[PDB]
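What follows is the content of input.txt (compact mmCIF, N, CA and C atoms and all ligand atoms).
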# COMPACT_ATOMS: atom_id res chain seq x y z
N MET A 1 -25.89 20.73 -2.58
CA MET A 1 -25.56 20.01 -1.36
C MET A 1 -24.17 19.38 -1.47
N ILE A 2 -23.40 19.47 -0.39
CA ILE A 2 -22.01 19.04 -0.37
C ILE A 2 -21.94 17.58 0.06
N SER A 3 -21.18 16.78 -0.69
CA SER A 3 -21.04 15.36 -0.42
C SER A 3 -19.56 15.00 -0.34
N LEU A 4 -19.24 14.05 0.54
CA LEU A 4 -17.91 13.47 0.62
C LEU A 4 -17.97 12.03 0.11
N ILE A 5 -16.95 11.64 -0.66
CA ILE A 5 -16.86 10.28 -1.18
C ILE A 5 -15.44 9.78 -0.99
N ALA A 6 -15.31 8.56 -0.47
CA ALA A 6 -14.00 7.99 -0.17
C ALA A 6 -14.12 6.49 0.04
N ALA A 7 -13.02 5.79 -0.20
CA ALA A 7 -12.91 4.37 0.09
C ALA A 7 -12.11 4.19 1.37
N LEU A 8 -12.69 3.50 2.35
CA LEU A 8 -12.11 3.37 3.68
C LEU A 8 -11.69 1.93 3.93
N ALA A 9 -10.45 1.76 4.37
CA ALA A 9 -9.93 0.46 4.78
C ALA A 9 -10.02 0.35 6.30
N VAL A 10 -9.27 -0.59 6.88
CA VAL A 10 -9.22 -0.71 8.33
C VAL A 10 -8.68 0.58 8.93
N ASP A 11 -9.27 0.99 10.06
CA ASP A 11 -8.90 2.23 10.77
C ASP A 11 -9.21 3.46 9.93
N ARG A 12 -10.18 3.35 9.01
CA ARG A 12 -10.59 4.45 8.14
C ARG A 12 -9.43 4.95 7.28
N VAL A 13 -8.47 4.07 6.99
CA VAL A 13 -7.31 4.46 6.19
C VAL A 13 -7.75 4.74 4.76
N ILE A 14 -7.28 5.86 4.21
CA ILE A 14 -7.60 6.23 2.84
C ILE A 14 -6.32 6.43 2.05
N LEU A 24 -9.34 -3.47 -5.22
CA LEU A 24 -10.80 -3.48 -5.26
C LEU A 24 -11.36 -2.59 -6.38
N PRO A 25 -11.23 -3.05 -7.63
CA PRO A 25 -11.67 -2.41 -8.86
C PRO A 25 -13.15 -2.02 -8.86
N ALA A 26 -13.94 -2.76 -8.12
CA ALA A 26 -15.31 -2.45 -7.98
C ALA A 26 -15.54 -1.00 -7.46
N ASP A 27 -14.61 -0.42 -6.73
CA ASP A 27 -14.76 0.93 -6.20
C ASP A 27 -14.66 1.98 -7.31
N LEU A 28 -13.94 1.67 -8.39
CA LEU A 28 -13.75 2.66 -9.45
C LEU A 28 -15.05 2.97 -10.17
N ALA A 29 -15.86 1.94 -10.44
CA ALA A 29 -17.16 2.18 -11.06
C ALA A 29 -18.09 2.92 -10.12
N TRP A 30 -18.01 2.61 -8.82
CA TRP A 30 -18.79 3.33 -7.82
C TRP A 30 -18.40 4.80 -7.79
N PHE A 31 -17.10 5.08 -7.72
CA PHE A 31 -16.62 6.46 -7.71
C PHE A 31 -17.01 7.20 -8.98
N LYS A 32 -16.79 6.57 -10.14
CA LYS A 32 -17.08 7.22 -11.41
C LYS A 32 -18.56 7.54 -11.55
N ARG A 33 -19.43 6.62 -11.12
CA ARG A 33 -20.87 6.82 -11.26
C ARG A 33 -21.35 7.98 -10.39
N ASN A 34 -20.87 8.06 -9.16
CA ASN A 34 -21.37 9.05 -8.21
C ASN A 34 -20.68 10.40 -8.32
N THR A 35 -19.69 10.54 -9.20
CA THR A 35 -19.03 11.82 -9.41
C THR A 35 -19.20 12.37 -10.81
N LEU A 36 -19.73 11.59 -11.76
CA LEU A 36 -19.82 12.04 -13.14
C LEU A 36 -20.71 13.27 -13.27
N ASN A 37 -20.24 14.24 -14.06
CA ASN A 37 -20.96 15.50 -14.30
C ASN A 37 -21.23 16.25 -13.00
N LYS A 38 -20.31 16.13 -12.04
CA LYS A 38 -20.36 16.86 -10.79
C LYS A 38 -19.00 17.52 -10.55
N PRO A 39 -18.97 18.71 -9.96
CA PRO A 39 -17.68 19.30 -9.59
C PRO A 39 -17.01 18.48 -8.50
N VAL A 40 -15.70 18.32 -8.62
CA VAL A 40 -14.90 17.57 -7.66
C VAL A 40 -13.90 18.51 -7.01
N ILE A 41 -13.88 18.51 -5.68
CA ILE A 41 -12.96 19.33 -4.89
C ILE A 41 -11.93 18.41 -4.25
N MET A 42 -10.65 18.70 -4.48
CA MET A 42 -9.60 17.84 -3.97
C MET A 42 -8.46 18.69 -3.41
N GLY A 43 -7.62 18.06 -2.59
CA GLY A 43 -6.41 18.71 -2.12
C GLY A 43 -5.29 18.62 -3.13
N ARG A 44 -4.22 19.34 -2.84
CA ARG A 44 -3.10 19.39 -3.76
C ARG A 44 -2.38 18.08 -3.93
N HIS A 45 -2.18 17.40 -2.82
CA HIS A 45 -1.56 16.11 -2.85
C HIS A 45 -2.43 15.16 -3.70
N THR A 46 -3.73 15.21 -3.54
CA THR A 46 -4.61 14.41 -4.36
C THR A 46 -4.51 14.85 -5.82
N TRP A 47 -4.43 16.15 -6.07
CA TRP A 47 -4.31 16.63 -7.44
C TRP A 47 -3.02 16.16 -8.09
N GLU A 48 -1.91 16.17 -7.35
CA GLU A 48 -0.65 15.68 -7.90
C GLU A 48 -0.68 14.19 -8.19
N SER A 49 -1.65 13.46 -7.62
CA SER A 49 -1.69 12.01 -7.79
C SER A 49 -2.34 11.60 -9.10
N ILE A 50 -3.50 12.19 -9.44
CA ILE A 50 -4.15 11.82 -10.69
C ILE A 50 -3.35 12.32 -11.89
N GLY A 51 -2.64 13.44 -11.76
CA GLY A 51 -1.82 13.98 -12.83
C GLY A 51 -2.53 14.81 -13.89
N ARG A 52 -3.79 14.50 -14.17
CA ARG A 52 -4.59 15.22 -15.14
C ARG A 52 -6.02 15.26 -14.64
N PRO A 53 -6.81 16.26 -15.07
CA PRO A 53 -8.16 16.42 -14.51
C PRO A 53 -9.03 15.20 -14.78
N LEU A 54 -9.92 14.92 -13.83
CA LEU A 54 -10.88 13.84 -13.99
C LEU A 54 -11.82 14.17 -15.14
N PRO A 55 -11.91 13.33 -16.17
CA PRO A 55 -12.74 13.66 -17.33
C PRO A 55 -14.20 13.88 -16.94
N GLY A 56 -14.85 14.80 -17.66
CA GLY A 56 -16.26 15.05 -17.47
C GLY A 56 -16.63 15.64 -16.12
N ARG A 57 -15.68 16.24 -15.42
CA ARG A 57 -15.93 16.81 -14.10
C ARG A 57 -15.11 18.08 -13.93
N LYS A 58 -15.74 19.12 -13.39
CA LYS A 58 -15.02 20.33 -13.04
C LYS A 58 -14.10 20.06 -11.86
N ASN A 59 -12.80 20.19 -12.07
CA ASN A 59 -11.81 19.88 -11.04
C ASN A 59 -11.44 21.15 -10.29
N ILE A 60 -11.65 21.14 -8.97
CA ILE A 60 -11.31 22.26 -8.10
C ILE A 60 -10.29 21.79 -7.08
N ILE A 61 -9.17 22.51 -6.99
CA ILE A 61 -8.08 22.18 -6.08
C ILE A 61 -8.06 23.20 -4.96
N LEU A 62 -8.08 22.72 -3.72
CA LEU A 62 -8.00 23.58 -2.54
C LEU A 62 -6.54 23.60 -2.08
N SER A 63 -5.91 24.77 -2.18
CA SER A 63 -4.52 24.93 -1.79
C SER A 63 -4.28 26.39 -1.42
N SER A 64 -3.49 26.60 -0.37
CA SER A 64 -3.15 27.95 0.06
C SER A 64 -2.11 28.61 -0.85
N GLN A 65 -1.50 27.86 -1.74
CA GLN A 65 -0.47 28.34 -2.64
C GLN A 65 -1.04 28.58 -4.04
N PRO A 66 -0.50 29.56 -4.76
CA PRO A 66 -0.99 29.85 -6.11
C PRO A 66 -0.99 28.60 -7.00
N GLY A 67 -1.91 28.58 -7.95
CA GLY A 67 -2.04 27.44 -8.82
C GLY A 67 -0.90 27.33 -9.82
N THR A 68 -0.68 26.09 -10.29
CA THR A 68 0.40 25.80 -11.23
C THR A 68 -0.11 24.96 -12.40
N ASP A 69 -1.40 25.06 -12.72
CA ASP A 69 -1.97 24.32 -13.84
C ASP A 69 -3.32 24.93 -14.18
N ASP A 70 -3.43 25.54 -15.37
CA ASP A 70 -4.65 26.23 -15.76
C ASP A 70 -5.76 25.29 -16.22
N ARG A 71 -5.53 23.98 -16.23
CA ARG A 71 -6.58 23.04 -16.61
C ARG A 71 -7.57 22.78 -15.49
N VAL A 72 -7.29 23.27 -14.28
CA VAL A 72 -8.16 23.08 -13.12
C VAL A 72 -8.38 24.43 -12.46
N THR A 73 -9.32 24.45 -11.52
CA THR A 73 -9.72 25.66 -10.81
C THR A 73 -9.08 25.66 -9.43
N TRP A 74 -8.25 26.66 -9.16
CA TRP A 74 -7.50 26.75 -7.91
C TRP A 74 -8.20 27.70 -6.94
N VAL A 75 -8.39 27.25 -5.70
CA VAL A 75 -9.03 28.03 -4.66
C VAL A 75 -8.23 27.88 -3.37
N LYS A 76 -8.36 28.88 -2.49
CA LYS A 76 -7.56 28.92 -1.26
C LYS A 76 -8.39 28.84 0.01
N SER A 77 -9.69 28.56 -0.08
CA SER A 77 -10.50 28.39 1.12
C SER A 77 -11.70 27.51 0.78
N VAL A 78 -12.32 26.98 1.84
CA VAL A 78 -13.50 26.13 1.66
C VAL A 78 -14.64 26.92 1.03
N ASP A 79 -14.87 28.14 1.52
CA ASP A 79 -15.97 28.94 0.99
C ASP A 79 -15.72 29.36 -0.45
N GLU A 80 -14.46 29.56 -0.84
CA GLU A 80 -14.18 29.87 -2.24
C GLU A 80 -14.37 28.64 -3.12
N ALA A 81 -14.04 27.45 -2.60
CA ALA A 81 -14.28 26.22 -3.35
C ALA A 81 -15.76 26.01 -3.60
N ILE A 82 -16.59 26.26 -2.58
CA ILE A 82 -18.03 26.08 -2.72
C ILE A 82 -18.59 27.07 -3.73
N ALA A 83 -18.17 28.33 -3.65
CA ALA A 83 -18.64 29.34 -4.59
C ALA A 83 -18.20 29.04 -6.01
N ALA A 84 -17.02 28.43 -6.18
CA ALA A 84 -16.53 28.12 -7.52
C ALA A 84 -17.41 27.11 -8.24
N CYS A 85 -18.20 26.33 -7.51
CA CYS A 85 -19.08 25.34 -8.12
C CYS A 85 -20.35 25.96 -8.69
N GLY A 86 -20.76 27.13 -8.20
CA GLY A 86 -22.01 27.70 -8.65
C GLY A 86 -23.20 26.92 -8.10
N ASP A 87 -24.35 27.15 -8.72
CA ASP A 87 -25.59 26.48 -8.34
C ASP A 87 -25.64 25.14 -9.07
N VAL A 88 -25.21 24.08 -8.39
CA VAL A 88 -25.23 22.73 -8.95
C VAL A 88 -25.97 21.82 -7.98
N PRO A 89 -26.57 20.72 -8.45
CA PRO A 89 -27.32 19.86 -7.52
C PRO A 89 -26.46 19.22 -6.44
N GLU A 90 -25.20 18.89 -6.73
CA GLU A 90 -24.39 18.17 -5.76
C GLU A 90 -22.91 18.42 -6.03
N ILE A 91 -22.16 18.64 -4.95
CA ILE A 91 -20.72 18.86 -4.99
C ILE A 91 -20.04 17.68 -4.32
N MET A 92 -19.02 17.12 -4.98
CA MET A 92 -18.29 15.97 -4.48
C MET A 92 -16.90 16.39 -4.00
N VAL A 93 -16.58 16.04 -2.76
CA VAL A 93 -15.25 16.21 -2.20
C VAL A 93 -14.58 14.84 -2.18
N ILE A 94 -13.41 14.73 -2.80
CA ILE A 94 -12.78 13.43 -3.00
C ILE A 94 -11.48 13.28 -2.21
N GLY A 95 -11.16 14.22 -1.34
CA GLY A 95 -10.02 14.09 -0.45
C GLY A 95 -8.93 15.11 -0.74
N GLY A 96 -7.83 14.97 -0.01
CA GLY A 96 -7.63 13.88 0.92
C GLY A 96 -8.16 14.10 2.33
N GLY A 97 -7.44 13.56 3.32
CA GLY A 97 -7.96 13.52 4.67
C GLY A 97 -8.19 14.90 5.26
N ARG A 98 -7.20 15.79 5.14
CA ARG A 98 -7.34 17.12 5.72
C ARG A 98 -8.39 17.95 4.98
N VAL A 99 -8.58 17.69 3.69
CA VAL A 99 -9.66 18.35 2.96
C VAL A 99 -11.01 17.79 3.39
N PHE A 100 -11.09 16.47 3.58
CA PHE A 100 -12.31 15.87 4.11
C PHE A 100 -12.71 16.50 5.44
N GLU A 101 -11.73 16.74 6.31
CA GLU A 101 -12.02 17.31 7.62
C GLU A 101 -12.63 18.71 7.50
N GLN A 102 -12.18 19.49 6.52
CA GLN A 102 -12.68 20.86 6.39
C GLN A 102 -14.10 20.89 5.83
N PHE A 103 -14.45 19.94 4.96
CA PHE A 103 -15.77 19.93 4.35
C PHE A 103 -16.78 19.08 5.11
N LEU A 104 -16.33 18.26 6.06
CA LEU A 104 -17.26 17.45 6.85
C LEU A 104 -18.35 18.26 7.54
N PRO A 105 -18.07 19.37 8.23
CA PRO A 105 -19.16 20.08 8.92
C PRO A 105 -20.24 20.60 7.98
N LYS A 106 -19.91 20.91 6.73
CA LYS A 106 -20.89 21.39 5.77
C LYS A 106 -21.47 20.28 4.91
N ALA A 107 -20.99 19.05 5.05
CA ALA A 107 -21.44 17.95 4.21
C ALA A 107 -22.81 17.45 4.65
N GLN A 108 -23.65 17.10 3.68
CA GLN A 108 -24.94 16.49 3.94
C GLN A 108 -25.01 15.03 3.49
N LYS A 109 -24.04 14.56 2.71
CA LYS A 109 -24.00 13.19 2.25
C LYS A 109 -22.59 12.63 2.38
N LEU A 110 -22.51 11.34 2.66
CA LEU A 110 -21.25 10.61 2.72
C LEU A 110 -21.39 9.37 1.84
N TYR A 111 -20.51 9.24 0.85
CA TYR A 111 -20.42 8.04 0.03
C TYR A 111 -19.19 7.27 0.49
N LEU A 112 -19.40 6.26 1.33
CA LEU A 112 -18.30 5.50 1.92
C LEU A 112 -18.28 4.09 1.36
N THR A 113 -17.11 3.65 0.91
CA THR A 113 -16.87 2.27 0.49
C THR A 113 -16.02 1.61 1.58
N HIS A 114 -16.66 0.80 2.41
CA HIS A 114 -15.97 0.12 3.51
C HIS A 114 -15.29 -1.12 2.95
N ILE A 115 -13.96 -1.10 2.90
CA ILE A 115 -13.16 -2.20 2.37
C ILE A 115 -12.51 -2.92 3.54
N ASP A 116 -12.80 -4.21 3.67
CA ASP A 116 -12.23 -5.03 4.75
C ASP A 116 -10.79 -5.40 4.38
N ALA A 117 -9.91 -4.41 4.50
CA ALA A 117 -8.51 -4.57 4.16
C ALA A 117 -7.65 -3.77 5.13
N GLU A 118 -6.53 -4.35 5.53
CA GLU A 118 -5.53 -3.66 6.33
C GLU A 118 -4.38 -3.27 5.42
N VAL A 119 -4.22 -1.97 5.18
CA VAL A 119 -3.14 -1.46 4.35
C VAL A 119 -2.35 -0.43 5.15
N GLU A 120 -1.08 -0.26 4.77
CA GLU A 120 -0.23 0.74 5.40
C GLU A 120 -0.59 2.12 4.86
N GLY A 121 -1.02 3.01 5.74
CA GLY A 121 -1.44 4.33 5.32
C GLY A 121 -1.16 5.36 6.39
N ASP A 122 -1.14 6.60 5.82
CA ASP A 122 -0.91 7.65 6.79
C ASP A 122 -2.08 8.49 7.12
N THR A 123 -2.80 8.63 6.10
CA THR A 123 -3.97 9.49 6.16
C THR A 123 -5.23 8.66 6.39
N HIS A 124 -6.17 9.25 7.13
CA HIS A 124 -7.42 8.58 7.47
C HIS A 124 -8.59 9.48 7.14
N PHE A 125 -9.74 8.86 6.90
CA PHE A 125 -10.98 9.61 6.77
C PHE A 125 -11.35 10.19 8.14
N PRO A 126 -11.97 11.37 8.17
CA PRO A 126 -12.32 11.97 9.46
C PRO A 126 -13.17 11.05 10.32
N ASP A 127 -13.04 11.22 11.63
CA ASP A 127 -13.81 10.44 12.61
C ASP A 127 -15.18 11.09 12.76
N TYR A 128 -16.03 10.87 11.76
CA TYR A 128 -17.37 11.45 11.78
C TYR A 128 -18.21 10.82 12.89
N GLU A 129 -19.16 11.60 13.40
CA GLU A 129 -20.04 11.18 14.48
C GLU A 129 -21.14 10.28 13.93
N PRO A 130 -21.11 8.98 14.23
CA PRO A 130 -22.16 8.09 13.71
C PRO A 130 -23.55 8.48 14.15
N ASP A 131 -23.68 9.13 15.31
CA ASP A 131 -24.99 9.55 15.79
C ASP A 131 -25.65 10.58 14.88
N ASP A 132 -24.85 11.31 14.10
CA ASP A 132 -25.34 12.43 13.30
C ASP A 132 -25.61 12.06 11.85
N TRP A 133 -25.41 10.80 11.47
CA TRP A 133 -25.57 10.36 10.09
C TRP A 133 -26.54 9.19 10.00
N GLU A 134 -27.46 9.28 9.04
CA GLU A 134 -28.46 8.25 8.79
C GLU A 134 -28.01 7.42 7.59
N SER A 135 -27.89 6.11 7.79
CA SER A 135 -27.54 5.21 6.69
C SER A 135 -28.77 5.02 5.81
N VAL A 136 -28.73 5.58 4.60
CA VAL A 136 -29.86 5.48 3.68
C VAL A 136 -29.62 4.46 2.58
N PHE A 137 -28.42 3.89 2.49
CA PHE A 137 -28.11 2.92 1.45
C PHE A 137 -26.90 2.11 1.89
N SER A 138 -27.01 0.78 1.79
CA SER A 138 -25.91 -0.12 2.09
C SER A 138 -26.03 -1.34 1.20
N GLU A 139 -24.91 -1.74 0.61
CA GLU A 139 -24.89 -2.83 -0.37
C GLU A 139 -23.60 -3.61 -0.18
N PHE A 140 -23.70 -4.79 0.42
CA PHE A 140 -22.54 -5.60 0.76
C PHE A 140 -22.17 -6.53 -0.38
N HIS A 141 -20.86 -6.63 -0.64
CA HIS A 141 -20.32 -7.53 -1.65
C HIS A 141 -19.21 -8.36 -1.04
N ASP A 142 -19.14 -9.63 -1.43
CA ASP A 142 -18.04 -10.49 -1.03
C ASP A 142 -16.87 -10.34 -2.01
N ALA A 143 -15.69 -10.75 -1.56
CA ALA A 143 -14.54 -10.79 -2.44
C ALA A 143 -14.77 -11.80 -3.56
N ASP A 144 -14.14 -11.55 -4.70
CA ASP A 144 -14.29 -12.41 -5.87
C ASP A 144 -12.97 -12.43 -6.64
N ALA A 145 -13.03 -12.94 -7.88
CA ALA A 145 -11.82 -13.07 -8.69
C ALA A 145 -11.24 -11.73 -9.11
N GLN A 146 -12.03 -10.66 -9.06
CA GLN A 146 -11.55 -9.33 -9.39
C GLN A 146 -11.32 -8.46 -8.16
N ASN A 147 -12.09 -8.68 -7.10
CA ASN A 147 -12.00 -7.88 -5.88
C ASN A 147 -11.47 -8.78 -4.76
N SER A 148 -10.31 -8.43 -4.22
CA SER A 148 -9.64 -9.29 -3.26
C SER A 148 -10.14 -9.11 -1.83
N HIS A 149 -11.09 -8.21 -1.59
CA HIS A 149 -11.66 -8.03 -0.26
C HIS A 149 -13.16 -7.86 -0.37
N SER A 150 -13.86 -8.15 0.72
CA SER A 150 -15.26 -7.80 0.82
C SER A 150 -15.40 -6.29 0.96
N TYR A 151 -16.51 -5.76 0.45
CA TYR A 151 -16.71 -4.32 0.44
C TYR A 151 -18.19 -4.00 0.50
N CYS A 152 -18.50 -2.87 1.15
CA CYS A 152 -19.87 -2.43 1.37
C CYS A 152 -20.01 -1.00 0.90
N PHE A 153 -20.88 -0.77 -0.08
CA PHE A 153 -21.16 0.58 -0.56
C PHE A 153 -22.21 1.21 0.35
N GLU A 154 -21.84 2.28 1.04
CA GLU A 154 -22.75 2.95 1.96
C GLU A 154 -22.91 4.41 1.58
N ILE A 155 -24.14 4.91 1.71
CA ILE A 155 -24.46 6.32 1.57
C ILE A 155 -25.16 6.76 2.85
N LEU A 156 -24.62 7.79 3.50
CA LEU A 156 -25.20 8.33 4.72
C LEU A 156 -25.62 9.78 4.49
N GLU A 157 -26.69 10.17 5.16
CA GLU A 157 -27.22 11.52 5.07
C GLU A 157 -27.23 12.14 6.47
N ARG A 158 -26.74 13.37 6.57
CA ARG A 158 -26.74 14.06 7.85
C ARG A 158 -28.15 14.14 8.41
N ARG A 159 -28.28 13.90 9.71
CA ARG A 159 -29.59 13.88 10.35
C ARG A 159 -30.04 15.28 10.72
MN MN B 1 -3.58 33.15 -15.93
MN MN B 2 -9.60 -8.48 3.41
MN MN B 3 -1.89 -7.97 11.01
MN MN B 4 -21.15 -14.32 -1.49
For the structure just supplied, provide its representation as structure tokens.
Amino acid sequence: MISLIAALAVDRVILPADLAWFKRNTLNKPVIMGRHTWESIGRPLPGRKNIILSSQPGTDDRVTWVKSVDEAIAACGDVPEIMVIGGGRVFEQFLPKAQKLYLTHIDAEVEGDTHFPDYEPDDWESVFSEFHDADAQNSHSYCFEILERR
């Protein structure tokens, strides 16, 4: 089953507490990302099969390069759950096939260009929500949400 995971600020623009959330829900799962996202981490996410979706030939043999959504899905094989970690245009392509959304709602206004897709709230069931206030380590309030396609 295909899952999307992302941290969303004001206007769905894409807090150390999110890193443990991301790491826990992606460990030992294949991760599908865009090229811009791949250029950001610089090296593959440890303990996870890294798949990059790009129309251009690959330039790093440490990860798995694919040129379409269906090729990215096939590259994962038969696994319990596939995680898509962005960015925005990659999220848009995998949203119609996604059955789970791992959203971290961060009450923060940041300057951004890219946004998480405008998913239809009517089509998603909130199966998990966990609200946290800001503290000495997290400068904003944040809510860990998991939604399942209806
Ligand atoms: Mn080769
Ligand atoms: Mn805030
Ligand atoms: Mn303002
Ligand atoms: Mn409190």
- Message: Which residues are near residue A:76? Cut-off 8 Å, only C-alpha atoms, ignore same chain within fewer than 2 positions. Put them as a ChimeraX atom specification.
- Response: /A:62-65,74,78,80-81
- Pick from A:109, A:45, A:12, A:159: nearest to residue A:127, with only C-alpha atoms counted?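 Using only C-alpha atoms, residue A:127 sits closest to A:12.
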- Query: Just how far from atom C of residue A:60 is atom C of residue A:75, in Å to one decimal?
  - Reply: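 Computing the Euclidean distance for atom C of residue A:75 and atom C of residue A:60 yields 7.4 Å.
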Mind dumping a table of every chain A residue within 12 Å of ligand MN 3 (chain B), with the nearest atom pair and its distance in Å to one decimal, using only C-alpha atoms and all ligand atoms, sorted by chain and rising number, as a Markdown table?
| residue | atom | partner | partner_atom | distance |
| --- | --- | --- | --- | --- |
| A:10 | CA | B:MN3 | MN | 10.7 |
| A:117 | CA | B:MN3 | MN | 10.1 |
| A:118 | CA | B:MN3 | MN | 7.3 |
| A:119 | CA | B:MN3 | MN | 9.4 |
| A:120 | CA | B:MN3 | MN | 10.5 |
- Between atom C of residue A:138 and atom CA of residue A:32, distance in Å (one decimal): 17.7 Å
- Message: Using only N, CA and C atoms, which protein or nucleic acid residues come within 6.5 Å of residue A:91? Drop anything in the same chain fewer than 4 positions from it, and give the result as a ChimeraX atom specification.
- Response: /A:1-4,38-41
- Query: So how far away is atom CA of residue A:48 from atom CA of residue A:95, in Å?
  - Reply: 12.1 Å
- Message: Taking (-19.8, 11.6, -12.4) in the coordinates of the supplied file, I want to know which residues reach to within 10 Å of it, counting only C-alpha atoms; could you give the answer as number ranges by chain?
- Response: A: 29-40, 54-58, 92
- Item | Residue list as a ChimeraX atom specification for point (-14.5, 17.6, 3.2), cut-off 8 Å, only N, CA and C atoms | /A:3-5,41,92-107
- Message: Among chain A, which residues does DSSP mark as strand (DSSP E) when it is run on the backbone? Keep the chain and numbering as in the structure and answer as an MDAnalysis selection string.
- Response: chainID A and resid 2:8 40:43 59:62 73:75 91:95 107:115 133:141 151:158
- Message: I want to know what sits within 12 Å of stretch 143-150 of chain A, based on only C-alpha atoms, with residues of the same chain fewer than 3 positions away left out; could you give that as a list in words?
- Response: residues 8, 9, 10, 24, 25, 26, 27, 28, 113, 114, 115, 116, 117, 118, 119, 139, 140 and 153 of chain A
- Which one of A:151, A:157, A:6, A:85 sits closest to ligand MN 2 (chain B) if you count all atoms listed in the file?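 So, comparing all the options, the nearest one is A:151.
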- Query: Mind checking DSSP for chain A and telling me the alpha helix (DSSP H) residues as a PyMOL selection string?
  - Reply: chain A and resi 26-35+44-50+78-85+97-103
- Query: Which residue out of A:141, A:68, A:61, A:50 has the minimum interatomic distance to ligand MN 4 (chain B) when only N, CA and C atoms and all ligand atoms are used?
  - Reply: A:141
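Of the listed residues A:51, A:89, A:152, A:84, the one whose atoms come nearest to residue A:71 is A:51, with distances taken using only C-alpha atoms.
Comparing the minimum interatomic distances between residue A:108 and each of A:158, A:90, A:70, A:125, counting all atoms listed in the file, we find that A:158 sits nearest.
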To test the calculation: enclose all listed atoms of stretch 97-105 of chain A in a box whose edges run along x, y and z, add 3 Å on each side, then state centre and edge lengths in Å to one decimal, as AutoDock Vina command-line options.
--center_x -13.7 --center_y 17.2 --center_z 5.9 --size_x 19.0 --size_y 13.4 --size_z 12.0
